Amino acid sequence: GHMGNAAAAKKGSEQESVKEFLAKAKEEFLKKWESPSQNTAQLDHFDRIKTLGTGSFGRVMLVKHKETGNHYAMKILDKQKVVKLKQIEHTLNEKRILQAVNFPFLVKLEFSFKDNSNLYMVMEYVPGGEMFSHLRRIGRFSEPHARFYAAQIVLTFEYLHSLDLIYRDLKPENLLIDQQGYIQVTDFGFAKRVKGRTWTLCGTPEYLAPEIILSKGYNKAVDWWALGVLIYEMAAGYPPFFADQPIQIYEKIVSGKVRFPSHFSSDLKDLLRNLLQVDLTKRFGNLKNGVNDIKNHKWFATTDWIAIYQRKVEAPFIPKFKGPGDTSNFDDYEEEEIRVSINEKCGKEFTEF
């Protein structure tokens, strides 16, 4: 067979230790899921510095905690705008997820609070900028570089899916590079905790699995399709399906004919054909062997999964850091005033935040 006795025992043991880890992680998650934190700071505790970008349904500002000098990334959500967009439940759910999960590649929620006008999610500041920026700057990542990032997403999805969470917005724009060169996943505004099938048309066009586009329902395997899109985009510099307009992108996705740059390794092409697989009885991450079909694939043969989790692998790119609160790794954005009305808006709808 492919493994002798020692290698087979080692792999078997590693796979059993994942099960043990995930059982404990679920216990810890459910305690926080059932009793969320609330109202752990207020706005005048922070200096507002600069807008870092957007997140689902809001804008993200670099802030400095006045008492400590620590910097954070604060997402500001206008309650009235959220109501108009029909996104009350998704904003509540994002905060509930962020305060309940705990994983080294998931951005942490350090404080949250609300006022008459807005909701505030004060996250860790991840200073190295978006993966999107670095990818567009250098064109494409080498396969080892892409693999280092991909391994972090594989472990993060293994974790989230064990909690019955589907992420549903993987893309380089949402992945931030920290000071050690590791990835932080942001934006849970489209995530859902559900145990089987769901139907919502949501996500980013290039990253949608065919079964999201089509009226049929879908499950967590859409995240493994999206991983295929991400790995392809990281290694090629462009995604496998694109067009001028989303309608035409969707046609290409459900047609599903993937073509590869000639510099892609055979191992990479094999992995991607098994992730970008329209047939759910064949898509990796959706089979009897679960995530192990991905983690044990030849393209990941050099990946030390525990060492990635422990953040002991040397990252391929370390962002430059000028000083505290430096935003040199970010685009500039329009600076929008934070206004707080004298009257409480939408109080009953956002009670749980």
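Note that the rigid core is defined as the largest set of C-alphas that superpose within 1.5 Å between two forms. Start at 1 and count along the sequence shown; that's the residue number.
After a core fit, the C-alpha atoms in 8 other deposited structures of this protein lie farther on average from the shown form in one of 108-116 and 245-253, namely 245-253. Remark: when the other structures in 8 other deposited structures of this protein are fitted onto this one via the rigid core, 214-222 deviates more than the alternative among 214-222 and 269-277, judged by RMS CA distance. Between the stretches 141-149 and 275-283, it is 275-283 that shows the larger average CA temperature factor. Higher mean CA temperature factor, per the PDB entry, when comparing 157-165 with 72-80: 72-80. Comparing C-alpha B-factors across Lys295, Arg311, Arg59, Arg48 in the deposited entry, the largest value falls on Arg48. As recorded in the entry, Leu85 carries the highest CA temperature factor of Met234, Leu85, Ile183, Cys202. In this PDB entry, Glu206 carries a Cα temperature factor that places it within the lowest third of its chain's modelled residues. In the deposited entry, the Cα temperature factor of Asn102 places it in the middle third of its chain's modelled residues. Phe300 sits in the middle third of its chain by CA B factor, as recorded in the PDB entry.
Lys195: CA B factor in the highest third of modelled residues in this chain (values from the PDB entry).
In the PDB entry, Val254 places in the highest third of its chain by CA B-factor.
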